[PDB]
Amino acid sequence: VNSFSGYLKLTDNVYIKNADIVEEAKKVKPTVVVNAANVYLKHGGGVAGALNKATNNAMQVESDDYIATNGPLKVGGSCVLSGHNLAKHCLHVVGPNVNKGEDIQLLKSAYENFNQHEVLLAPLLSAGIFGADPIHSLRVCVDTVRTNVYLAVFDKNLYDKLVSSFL
Ligand SMILES: O=C(O)c1ncccc1O
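FYI, the deposited numbering numbers position 130 of the sequence shown as 132, with every residue one higher than the one before it.
As structure tokens, this is what we get:
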């Protein structure tokens, strides 16, 4: 049993809810919240900008020190950093950004990072301002992630379309 409430069950291991991931993290304090990161961990907008704002910019300060030490992530890669006031840990995962011309086949690699964590609160990778089709992102999630993932979908219209169209 866990703390997640009001989710629709899609499969054995994937759950979905119309929710603001920031507000969901604040309520649940999950072990792991996933950030929709870029390779530079520049948390300007989208999910990343919202998570970082909720940490009062402490996520960005920590991220800048990580990049200064380790250099950029890979597209499809991830790193584990603090969850600050939102979670124990934040898993920063870089999905391909279609609006930068990145290979959508890297979306599966991105989701494979989730398998290193037993339970996660996450957004749909490469959705929103990363430009991928969210229906596709949900299909890759279900077909890649084997651990227990709680997907918070910010937009109600998109949530309803994702549920209605789910095979
Ligand atoms: O549902 C999303 O894609 C989302 N986007 C931006 C900020 C928070 C979110 O949960």
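Positions of the beta carbon are idealized from the N, C-alpha and C atoms, including for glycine.
Taking all protein chains in view, the Cβ of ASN4 is surrounded by fewer than 16 other Cβ atoms within 10 Å, so the residue is classified as exposed.
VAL77 and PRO98 have their C-alpha atoms roughly 6 Å apart. The alpha-carbon separation between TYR152 and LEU123 amounts to approximately 5 Å. Taken atom to atom, the span from the alpha-carbon of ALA21 to that of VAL35 is near 14 Å. Residue environment for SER128: buried (at least 16 other C-beta atoms within 10 angstroms of its C-beta). A check of alpha carbon separations from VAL95 across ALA38, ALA56, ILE106 and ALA134 identifies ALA38 as the nearest.
The beta-carbon separation of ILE23 and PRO125, rounded to 6 Å, stays under the 8 Å limit for a contact. Out of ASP135, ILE137, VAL147 and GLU104, the CA that lies nearest to the CA of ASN115 is found in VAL147.
Per the C-alpha coordinates, the member of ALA56, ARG141 and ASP157 positioned closest to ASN87 is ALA56. Around the CB of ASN54, 16 or more other CB atoms lie within 10 Å, so the residue is classed as buried. DSSP places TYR68 outside any beta strand (DSSP E); the residue lies instead in the alpha helix (DSSP H), whose first and last residues are 60 to 72. Per DSSP, the beta bridge partners of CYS92 are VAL35 and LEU83.
DSSP places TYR152 inside the beta strand (DSSP E), whose first and last residues are 150 to 155. Between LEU43 and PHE168 a beta carbon distance of about 32 Å is seen, past the 8 Å cut, so the two are scored as non-contacting. Relative to the non-hydrogen atoms of ligand 1, the Cβ of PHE156 comes within a distance shorter than 7 Å of at least one. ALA112 carries a helical assignment under DSSP once its states are collapsed to helix, strand and coil.
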